[PDB]
Structure formats: C-alpha cells, structure tokens
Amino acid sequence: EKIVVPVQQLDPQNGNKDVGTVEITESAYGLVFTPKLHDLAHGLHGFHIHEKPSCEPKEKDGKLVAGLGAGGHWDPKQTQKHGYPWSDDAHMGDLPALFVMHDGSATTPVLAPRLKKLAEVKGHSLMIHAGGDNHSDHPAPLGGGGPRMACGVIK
C-alpha cells in the first residue's frame, strides 16, 4: 500500500499552486515519506503532520493566514512539546526536515520511526514550512518552522 499526498504551495490571496506529491510507504522500521515536489523555495524545511485534514487558511488578527486551518502539530499523546522524530516526548507528527534543492525540487526521503502503519496518519495534514526545524520549541516554537509554505491532506 502507499498513500499519495497531493501537495500545494499555499497562497490565500493569489491562489494555491500544485507542486507535486509526497508518497508515504511502510518500511520495516516505520513510515517513509518520499517527496516528489517541484517549484518550492530552496532550503531545509520543517515537515510535520498537523491535526486537521485541511489545508485551508484561517483568519488571525485581521489577516488570512496560509494553512492555519490545519491546526497544530498532530499530538495524539498530548506531549505538548515539539521534538525529534525518534523521541517519545515529541508530537507524533514530528518528521525529519524536508530538503528542497537549489532547483526547487524535493526528492529526499525521510523516516518517521514511531509511525508504523499507513492507517495511523490518515485524516491529518502534511505541512512544509518556510523555516527549518531544530526539533525544539526553543529558541523558536515548533522548531522555527514559521509560516506554512505547502500542504496536503493525508487520506
């Protein structure tokens, strides 16, 4: 089995852009997230599963915020702490960061060892942030991901 997650670059004002897919598969050691993305900003990006199966924007402080409809990091165990993908004190949605090369493409797979079966992740959203991920809530909350750059619904 695999899940093919369609991913859009988010722009609530001018309209989202299709940027490819991320394929989720089961390895013998956890779920593998294999990007097949194009036309994204180069850099190493925070990459997390968020709670709600939505990539819609939401209003906050008289501004429409991209991706905010996805809610927070997926946290079924209620750690209320952002962390490493191999830490049991981290949100279940915390994945290794996603690398976009200088040409805007992302093709480097990453493992989430705590996630074992595809059924676990259905009904949630897959988010790529503008910033990175130091896998801590310090010095910036949620790894320093910041704005939500691209998103797809996992189902």
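Note that residue numbering follows the sequence shown and begins at 1.
Asks: Mind pulling up the entry and telling me whether 16-24 or 128-136 has the higher mean Cα temperature factor?
Replies: It is 16-24 that shows the higher mean C-alpha B-factor.
Asks: Tell me which stretch has the larger mean Cα B-factor in this entry, 143-151 or 6-14.
Replies: It is 6-14 that shows the higher mean C-alpha B-factor.
Asks: Have a look at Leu31, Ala66, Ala97, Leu37 and flag the one whose Cα has the highest B-factor in the entry.
Replies: Answer, based on the entry's C-alpha B-factors: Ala66.
Asks: Using the entry's values, work out which of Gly43, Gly62, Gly93, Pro109 has the largest Cα B factor.
Replies: Highest CA B-factor of the listed options: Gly62.
Asks: Among the modelled residues of this chain, does the Cα B factor of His102 put it in the lowest, middle or highest third?
Replies: Answer is highest: the recorded C-alpha B-factor places it there.
Asks: Using only modelled residues of the chain, where does the Cα B factor of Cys55 rank: lowest third, middle third or highest third?
Replies: For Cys55, whose C-alpha B-factor we compare with every modelled residue in the chain, the answer is the highest third.
Asks: Going by the CA temperature factor in the PDB record, which third of the chain does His48 belong to: lowest, middle or highest?
Replies: Answer is lowest: the recorded C-alpha B-factor places it there.
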